[PDB]
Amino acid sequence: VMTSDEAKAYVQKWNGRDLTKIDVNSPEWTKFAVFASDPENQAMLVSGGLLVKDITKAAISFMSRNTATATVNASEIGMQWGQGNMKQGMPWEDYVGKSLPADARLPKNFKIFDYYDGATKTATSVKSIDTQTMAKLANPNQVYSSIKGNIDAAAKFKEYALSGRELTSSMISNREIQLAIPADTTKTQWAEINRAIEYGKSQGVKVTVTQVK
């Protein structure tokens, strides 16, 4: 996690340089982008004078970009937003199921994960978040914390054995979350989503996002 010292020195280093030379997979860019988009640092960076710098502006817009891996029509996977779990979460979960191996689906009450593929040692949790509720639209950091909770759950998992079937963490190499969001998700919500995704990486959890319109 980036300290003010580190952020200040990083900004100084990039003054008057071409920003296209920035490796957006480098650990330092990643840390700075997280630092600079975390809104508990906004007034800090603004009134501190770091926001006038191109790299700081570039970090913010980078974290606000749409990082959805796919876009799917709700009407084609039997899904609706905001009409209750049966028409939202469950069709989402079945749709993910059709794209994973035929052996992968875990029993209904299995804890935390929904799918597991032994061929790749990949355990998958399936989630949907309606970003268009009055709460999520008007309350900063709720989208973030919701995804964070899912991430920590997935990383916390050690072992679950239910009615003759068990999965242990020694057999989980990849932890993934397949997250669905509505396509009218806002720029500010995308910042939260990307911060959550990056936090996912540090916990060894891959968060993949599909926009459902």
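The numbering used is simple: start at 1 and walk along the sequence shown.
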property: Higher-B stretch (mean Cα B-factor, as the entry records it), 140-148 or 55-63; result: 140-148
property: Mean C-alpha B-factor comparison - 178-186 and 42-50, higher one; result: 42-50
property: Peak C-alpha temperature factor (PDB record), options 128, 131, 99, 125; result: 99
property: Deposited CA B-factor, highest of 104, 86, 74, 112; result: 86
property: Residue 153 - Cα temperature factor, lowest/middle/highest third of chain; result: highest
property: Relative C-alpha B-factor of residue 191, binned into the chain's lowest, middle or highest third; result: middle
property: Within-chain third of residue 11 by Cα B-factor, per the entry; result: middle
